[PDB]
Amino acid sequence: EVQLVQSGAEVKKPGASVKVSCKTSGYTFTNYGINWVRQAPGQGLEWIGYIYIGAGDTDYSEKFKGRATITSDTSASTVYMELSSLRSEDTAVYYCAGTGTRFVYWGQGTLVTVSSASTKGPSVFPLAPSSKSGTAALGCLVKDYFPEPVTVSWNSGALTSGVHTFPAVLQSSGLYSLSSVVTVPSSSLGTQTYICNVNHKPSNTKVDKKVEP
């Protein structure tokens, strides 16, 4: 089977440079052109460049001027994309397309995160029901944490039904923010006590905030 395996995810600081690799196993053809494309977290895709393995002809877009350099190793059948002088605006998943003119095969995508931060424990904020909440909703927002992940449980994992933890968003600052909400019968609110257990293993900090009005 023909598959394209890209390199692992890398977190880089602004002004740094990242080189991503796409190897292609199962294709022993001398015609093996790879196309580079990046998708920003909310945006759609956009082209970076193209390289053909034997003749070695490379081509970049108007966006990247000299921060885009695609290279290839015929022996190891790996193609590499290097993006230099990174900015925070370069945070995206870089895919490699496959075989040639038609994008028949795709790589799993390598996520590159450009952030100026280093490591932060999150500040969790308890969100209790408002004056208009028979179901009521409870939250803890996990604000300002770098990098991921963060695991959030309610009542030490005792409470699972109705608990939804939404995907993290990297802010402009370079920090992740997250929210965890749980919908619970409102009758329970006075007697049942609820705590949002947030764990950020990268910083070794585990905060348990109790939610109540």
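When you see a residue number, it is the position in the sequence shown, counting from 1.
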item: Chain break class for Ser133 to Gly134, judged by how many deposited residues have no coordinates; value: 1 to 3
item: Segment of higher mean CA temperature factor, 97-105 or 84-92; value: 84-92
item: Stretch with the greater mean C-alpha B-factor as recorded in the entry, comparing 178-186 against 34-42; value: 178-186
item: From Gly49, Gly162, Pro167, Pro147, residue of greatest CA B-factor; value: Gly162
item: Options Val79, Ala128, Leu141, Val114 - largest CA temperature factor per the record; value: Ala128
item: Among modelled residues of the same chain, the CA temperature factor third for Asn155; value: highest
item: Ranked against its chain, the third holding the CA B-factor of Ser21; value: lowest
item: B-factor third for the C-alpha atom of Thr191 within its chain; value: highest
item: Third of chain Cα B-factors occupied by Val5; value: lowest
